[PDB]
């Protein structure tokens, strides 16, 4: 439906490189029967027809408030001017398919103008690939 928690990130473009820091997320919704989840974050630059830009944080077991503190770097190219940084939280599972938890995205153009920083509301999978919602509140 709609409330999936929030995540704190930092993203910036410097000298043809995109730097992203995934700090932590709060109030995630349990996808595991146990009432918790095993979250990890997938980062990519889309569209990614060749599927070459994927990066992911480690999976943190049994928590609804993960603190990854991981940084990533993407080497950019001109065409990236029209791409977006997609950030998705998934719930790792031992025996079933991993479940989508929440996501968002930023335009590489957006970031070149203004770096991202702070808390953001997690969105549903489809919509997450098109926009982001800061939470300065």
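Residue numbers count along the first chain shown, from 1.
When 77-85 is weighed against 101-109, 77-85 comes out higher, by mean CA B-factor as recorded in the entry. Stretches 28-36 and 46-54 differ in mean C-alpha B factor, with the higher average recorded for 28-36. Take 122, 22, 18, 114 and read off each C-alpha B-factor from the entry; 114 has the highest.
In the deposited entry, the Cα temperature factor of residue 96 sits in the top third of values across the chain's modelled residues. Ranked by C-alpha B-factor against the other modelled residues of its chain, residue 133 falls in the middle third.
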